[PDB]
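> Whatever this is, show me its structure:
(2 chains, ligands or ions: 2)
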2 protein chains.
Amino acid sequence: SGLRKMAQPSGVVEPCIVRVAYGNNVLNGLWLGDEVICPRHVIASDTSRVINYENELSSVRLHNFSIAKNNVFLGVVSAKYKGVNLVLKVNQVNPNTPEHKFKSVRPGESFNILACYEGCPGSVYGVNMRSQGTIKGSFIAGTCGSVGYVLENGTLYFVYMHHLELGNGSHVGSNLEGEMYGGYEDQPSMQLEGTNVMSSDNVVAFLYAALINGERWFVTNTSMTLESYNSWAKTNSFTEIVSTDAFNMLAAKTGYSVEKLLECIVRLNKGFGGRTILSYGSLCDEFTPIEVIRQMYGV
Amino acid sequence: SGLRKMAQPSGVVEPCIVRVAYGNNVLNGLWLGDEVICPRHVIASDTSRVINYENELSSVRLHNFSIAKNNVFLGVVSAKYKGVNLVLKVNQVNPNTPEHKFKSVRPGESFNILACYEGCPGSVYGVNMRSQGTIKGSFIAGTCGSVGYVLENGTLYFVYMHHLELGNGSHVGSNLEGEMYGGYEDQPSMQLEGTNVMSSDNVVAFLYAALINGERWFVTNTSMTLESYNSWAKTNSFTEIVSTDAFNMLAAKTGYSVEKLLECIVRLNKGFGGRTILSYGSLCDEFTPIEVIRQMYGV
Ligand SMILES: *[C@@H](O)[C@H](C[C@@H]1CCNC1=O)NC(=O)[C@H](CC(C)C)NC(=O)OCc1ccccc1
Ligand SMILES: *[C@@H](O)[C@H](C[C@@H]1CCNC1=O)NC(=O)[C@H](CC(C)C)NC(=O)OCc1ccccc1
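Numbering: from 1, shown residues only, chains lettered A, B, ... in the order given. Ligands and ions are numbered 1, 2, ... in the order given. The relevant structure is shown in the block below.
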């Protein structure tokens, strides 16, 4: 089997992607109702030097937007900022607007990326939000405005819109309220990412996935109290676990308690000593308990 | 940027997925026009024992079929085998039939999986055909009939439908004409997968991907002739590389010849020294050259 990232199906999102162009900039927007949301730097005169967003908005030429998807062309009625996004009122309502909500993801939470190029959906893949508000994706020029979404209990949530890449290659975006994850600015200046704190919950999930896949060299009958692991995590840039509850099913199927896997984390946090788990050379925190449960058992 | 296995968007496929139930079996089918294609073992009395497909077909009663797509009830008009698939003529035309073709994938080629459960699309992810005609596909019970597809040259091709899992965990399916990849039978019987042979072309692509992403610890200026590499590969379960032409753009952009990366391959197959390469602990052959070119540079 193995453990691989998957994405939820993208069909309900694709009809919402449009191409937004202004001046020499082209990126993607999200068309819902009679509004299109896109990163505000599309109206920046020059995206390599610092941008004065007040000047850009007050001087904006609504008729100088080009917004299109296939046989649809959209006129801009009015424009405003909401955080780091432009909210553009347009003169047509999207006939394929799905029921949807907006919410923010938190560190350790997984979601899907619909990566789009110049208004055209190209690829769909799963990611996971890190403590500093970055994701490791695969964005290149033309993919700003790409959208992250999650389906929960049949509800479509929009959670991410892509804005920029940091000097170290990490990817940064906003929620659909225009709040940038991790507090970064939509400027080219160059910005630092601090140290990410690993999701302990997701690492446990990972080890359970390994066990289900038959690998067991890393496990023993020694256990380490939550209560004690949390004291360690703390000072080792690992999150601390509130309860063992999310794992009860996975413990049942495997026969191994959480407390036994906490020992593994503390022994292996430096590395595998030339060994591997699900082909990775070190601990992976990009898979949630629910992600793993669903991939191994279809729940 | 980085290297993620990506899937092409699934929207054009999702309206084609239907639930197919018969006897004690529930799986997925592909509804195109007035036809539903699904694995023929859906009519098997007992899928845990050897199946006589002639007896099962003579015993079929069309009213025991239940086929559904949301609120649509698809009545079965007639049934026949085509290879290892059932082709069911149904009493309604799919109004969302996309323009499409059928084609077979070959070892080393990438394509997308839309994994479906009880007729409901669940996940989408990219895979790559292995030398023995298998994929590592994350399939579990209830996912038979899941579809593989690729969007290439402006057309949607259906290339895979899921049938079974081998004793070693590999997954086996057919093309949509009903020929099982790798010559496997649609029986619960035990079937052997020979040795997996890695696509050398895809491994070079992968290492170029690493170079483009700034990872360079494994490379040196020592090179190895194409002829020497193929002589090595013949006895080390790697394919032989016909010529270096497909990599010219990647060679130009990185400054490294294929012949240097060939030497790299021969050195890293003995082990990584506990190191990692785009986070993998061993060589990965799941990305084609054009897949890598397009993810890193677009167009
Ligand atoms: C989309 O407009 C674009 C996506 C970047 C480009 C390369 N990989 C990405 O994620 N965003 C920008 O170009 C962005 C706009 C600023 C005004 C915030 N600037 C940016 O990301 O610069 C950093 C960078 C540019 C090009 C390659 C590598 C890093
Ligand atoms: C879909 O009907 C199912 C998908 C299998 C189930 C487990 N993982 C998959 O991909 N296919 C079968 O159950 C198939 C039935 C025909 C061969 C008659 N048999 C099969 O795959 O048996 C091997 C196996 C069964 C259950 C768990 C693990 C391996």
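
> Could you use CA atoms for every contact and neighbour count after this?
OK.

> can you tell me which residues contact the closest residue to residue A:140 other than its chain neighbours?
Nearest residue to residue A:140 in three dimensions, chain neighbours excluded: residue B:1, at 6.7 Å (Cα to Cα, 6 or more residues apart in numbering or on different chains). Going by Cα atoms under 8 Å, 6 or more residues apart in numbering or on different chains, residue B:1 touches A:136-140, A:165, A:169-170, B:213, B:296.

> of the residues you listed, closest to residue A:187?
residue A:165 (10.5 Å; Cα to Cα).

> The closest one: neighbour count?
Neighbourhood size, residue A:165 [other Cα atoms under 10 Å in any protein chain shown]: 24.

> Check residue A:14 too.
Residue A:14: 21 neighbours (other Cα under 10 Å).

> Next step: the contacts of residue B:1 restricted to strands.
residue A:165 (DSSP state E).

> Buried ones among the contacts of residue B:1?
Neighbour counting over those (16 or more other Cα atoms under 10 Å in any protein chain shown) leaves A:136-140, A:165, A:169-170, B:296 as the buried ones.

> what's the longest helix in chain A?
helix A:200-212 (DSSP state H).

> now what about that one, what contacts it?
Contacts with helix A:200-212, where a contact means Cα under 8 Å, 6+ apart, come from A:2-3, A:108, A:216, A:238-241, A:247, A:250, A:254, A:258, A:261-262, A:265, A:277-278, A:283-289, A:292, A:296.

> Filter the residues you listed down to the buried ones, ChimeraX style.
Selection of buried members from those for ChimeraX, criterion 16+ other Cα under 10 Å:
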select /A:2,3,108,238,239,240,247,250,258,261,262,265,277,278,283,284,285,286,287,288,289,292,296
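
> Keep the contacts of helix A:200-212, but drop any that are not near ligand 2.
Near ligand 2, judged by Cα under 6 Å from any ligand atom, there are no entries from the contacts of helix A:200-212.

> Go ahead and confirm residue A:163 touches residue A:39.
Yes. At 6.4 Å, residue A:163 counts as touching residue A:39 under the criterion of Cα atoms under 8 Å.

> More neighbours: the two, which one.
Set side by side, residue A:163 and residue A:39 show more neighbours around residue A:39, with 30 against 26, by other Cα under 10 Å.

> Just want to check the distance between that one and residue A:124.
20 Å (Cα to Cα, to the nearest Å).

> ok, now residue A:105?
From residue A:105 to residue A:124 the distance is 18 Å (Cα to Cα).

> neighbour count winner among those two?
Using other Cα under 10 Å, the more surrounded residue of residue A:105 and residue A:124 is residue A:124, with 26 against 20.

> Can you tell me the element the more buried one falls in?
strand A:120-128 (DSSP states H and E).

> Relative to the whole chain's centre, how far out is the helix or strand just after that strand?
Counting by DSSP H and E, the element after strand A:120-128 in chain order, helix or strand, is strand A:147-152. Mean-position distance between strand A:147-152 and its chain equals 9 Å (Cα atoms, centre = their mean, to the nearest Å).

> Same check on stretch A:133-141?
Worked out by Cα atoms, centre = their mean, stretch A:133-141 lies 9 Å from the chain centre.

> residues making contact with that stretch?
Contacts of stretch A:133-141 (Cα under 8 Å, 6+ apart): A:107, A:115, A:127-129, A:165, A:169-173, A:181-183, B:1-4, B:295-298.

> Check the residues you listed one by one and keep those near ligand 1.
Counting by Cα under 6 Å from any ligand atom, the members of the contacts of stretch A:133-141 near ligand 1 are A:165, A:171.

> Tell me which of the contacts of stretch A:133-141 fall in helices.
Those of the contacts of stretch A:133-141 lying in helices (DSSP H): B:295-297.

> sec struct for residue A:292, please.
helix (DSSP: H, G, I helix; E, B strand; the rest coil).

> do residue A:195 as well
Criterion first, three-state DSSP; result for residue A:195: coil.

> In contact with it: list those residues for me.
Neighbours of residue A:195 in contact, by Cα under 8 Å, 6+ apart: residue A:132.

> Which phi and psi values does it adopt?
With angles defined as degrees, to the nearest 10, residue A:195 sits at phi -80, psi 130.

> dump the residue contacts of residue A:165.
A:139, A:171-172, B:1.

> Between these, which sits nearest residue B:230?
For the contacts of residue A:165, the nearest to residue B:230 is residue B:1 (31.8 Å; Cα to Cα).

> contacting residues for the spatially closest residue to residue A:122 that is not a sequence neighbour?
Residue nearest to residue A:122 in three dimensions, not counting chain neighbours: residue A:116, with 5.3 Å by Cα to Cα, 6+ apart. If you count contacts by Cα under 8 Å, 6+ apart, residue A:116 has them with A:17, A:28, A:122-123, A:142-146.

> Then residue A:280?
Taking Cα under 8 Å, 6+ apart as the criterion, residue A:280 is in contact with B:276, B:279-281.

> change it to 7 Å
Neighbour list for residue A:280: B:279-281 [criterion: Cα atoms under 7 Å, 6 or more residues apart in numbering or on different chains].

> Just list whatever residues bridge to it.
Taking DSSP bridges as the rule, residue A:280 bridges to residue A:277, residue B:280.

> same thing with residue A:17?
On the basis of DSSP bridges, residue A:17 is bridged to residue A:30.

> so it sits right up against residue A:119, yeah?
Yes. With contact defined as Cα atoms under 7 Å, residue A:17 reaches residue A:119; the gap is 6.1 Å.

> Between these two, which contacts overlap?
Taking Cα under 7 Å, 6+ apart as the criterion, residue A:17 and residue A:119 both touch residue A:28.

> And the strands in the stretch 1-150 of chain A, which stretches?
A:17-22, A:25-32, A:35-39, A:65-69, A:72-74, A:76-82, A:85-90, A:101-102, A:110-117, A:120-128, A:147-152 (DSSP state E, counting those that start in this stretch).

> mind putting those in a markdown table, distance to residue B:158 included?
Below are the strands of the stretch 1-150 of chain A laid out as a markdown table (distance: least, Cα to Cα, whole Å):
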| stretch | distance to residue B:158 |
| --- | --- |
| strand A:17-22 | 25 |
| strand A:25-32 | 28 |
| strand A:35-39 | 34 |
| strand A:65-69 | 25 |
| strand A:72-74 | 28 |
| strand A:76-82 | 39 |
| strand A:85-90 | 37 |
| strand A:101-102 | 33 |
| strand A:110-117 | 21 |
| strand A:120-128 | 17 |
| strand A:147-152 | 26 |
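
> if we can go back for a sec, overlap in contacts, residue A:163 and residue A:39.
Common neighbours of residue A:163 and residue A:39 (criterion: Cα under 7 Å, 6+ apart): residue A:145.

> tell me which parts of chain A are close to chain B?
Within reach of chain B by Cα under 7 Å from any Cα of the partner chain, chain A has these residues: A:1, A:6-11, A:14, A:121-125, A:137-140, A:169, A:273-274, A:276, A:279-281.

> Kindly recompute the last result at 6 Å.
A:1, A:6-11, A:122-125, A:138-139, A:169, A:274, A:279-281 (Cα under 6 Å from any Cα of the partner chain).

> on that earlier part again, from residue B:169, how far out is the residue nearest to residue A:122?
For residue A:116 relative to residue B:169 (Cα to Cα), the value is 34 Å.
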